[PDB]
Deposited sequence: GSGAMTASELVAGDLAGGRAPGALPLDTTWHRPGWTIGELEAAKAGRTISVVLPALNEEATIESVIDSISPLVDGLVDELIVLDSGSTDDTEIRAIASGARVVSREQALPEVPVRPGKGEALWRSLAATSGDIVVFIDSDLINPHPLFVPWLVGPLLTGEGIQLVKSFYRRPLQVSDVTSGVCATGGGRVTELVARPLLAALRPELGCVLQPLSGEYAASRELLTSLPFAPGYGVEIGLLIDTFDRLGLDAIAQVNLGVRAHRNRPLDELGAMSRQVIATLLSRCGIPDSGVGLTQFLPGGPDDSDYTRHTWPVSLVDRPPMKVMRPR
């Protein structure tokens, strides 16, 4: 009933059916992590039993953690890849977008799956539920999750999409950190910086491929780190810079400033520079 292929109830496929449907295609899972020692182990544990089966490869993309994220991830049996190790020839920029872009060179799966590592008790069927439409359907090359926080999504992204890309008004969680896509697509797209990356991939895929190439799946309920408003303001600023750039609208490039007392002025970084398609780095 939506213009977007949408699985509403717990998808029917089993691990075995999906594993059969792979048909030579490989699957890589990437957990980007910046200081998530408190949750990373449960997130890895919820996925590592699929390894050597449905999943051929699982990595943690360590985006410069200074806490005990790496040693706990290792202790959970996960391969940990720094931004440096993933693509040593290129100096590292900050932001999640960078990490996701770099994870493309540290993985070799025909299908790449992303899962945020700050999720509190993720369901072990997240990955299957996410690769469902890619494996069985035809035409699908991007799968976003949806779920029943949510402030930047409900106040910035979905209303802006309503404003500038109404065709995507039916995407329920455009910023979801849990999503999957073909390597062919991901290596063809540029990667927006910082927190601009999701909204960047959505608009670019659609612009390049239309809604038929996009699916979304219900994963139930999502719980994650509740961040302070100033950080969300910064994130919201970058989401806006990337969305505006994809719509052909010039963004000033000026970072958001916040005040909190004569007074204490702080400016957050914002970037208008995308990383190119990983294809060009062959």
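A.B. asks: Which bits of the deposited sequence have no atoms placed for their C-alpha?
C.D. replies: Gaps in the modelled chain, taken against the deposited sequence, lie at 1-22, 171-186, 300-305, 327-328.
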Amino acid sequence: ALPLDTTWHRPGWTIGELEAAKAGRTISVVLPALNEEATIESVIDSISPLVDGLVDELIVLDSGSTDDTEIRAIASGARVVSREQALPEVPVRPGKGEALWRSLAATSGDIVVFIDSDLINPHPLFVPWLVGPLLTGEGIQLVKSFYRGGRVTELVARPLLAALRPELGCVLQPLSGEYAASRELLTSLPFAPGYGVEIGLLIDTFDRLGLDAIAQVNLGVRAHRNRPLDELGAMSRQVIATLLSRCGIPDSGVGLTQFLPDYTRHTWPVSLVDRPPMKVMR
From here on, numbers count along this sequence of modelled residues.
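A.B. asks: If you average the CA temperature factors as listed in the entry, which stretch comes out higher, 136-144 or 170-178?
C.D. replies: So the stretch with the higher mean C-alpha B-factor is 136-144.
A.B. asks: Averaging C-alpha B-factors over each stretch, which comes out higher, 84-92 or 151-159?
C.D. replies: Here the higher of the two C-alpha B-factor means belongs to 84-92.
A.B. asks: Tell me which of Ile40, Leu229, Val51, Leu243 tops the list for C-alpha B factor in the record.
C.D. replies: Among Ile40, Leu229, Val51, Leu243, the highest C-alpha B-factor in the entry belongs to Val51.
A.B. asks: Going by the recorded CA B-factors, say which third of the chain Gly210 sits in, lowest, middle or highest.
C.D. replies: Middle third of the chain for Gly210's C-alpha B-factor.
A.B. asks: Could you place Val273 in the lowest, middle or highest third of its chain by Cα temperature factor, using the values in the record?
C.D. replies: As the PDB entry reports it, the C-alpha B-factor of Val273 lands in the lowest third of its chain.
A.B. asks: Considering every modelled residue of the chain and its Cα B-factor in the PDB entry, is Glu36 in the lowest, middle or highest third?
C.D. replies: Lowest third of the chain for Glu36's C-alpha B-factor.
A.B. asks: Taking the values exactly as deposited, rank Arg72 by C-alpha B-factor within its chain and report the matching third: lowest, middle or highest.
C.D. replies: For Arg72, the deposited C-alpha B-factor lands in the lowest third.
A.B. asks: Please rank the C-alpha B-factors of the chain's modelled residues and tell me whether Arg165 sits in the lowest, middle or highest third.
C.D. replies: Lowest third - that is where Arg165 ends up once the chain's C-alpha B-factors are sorted.
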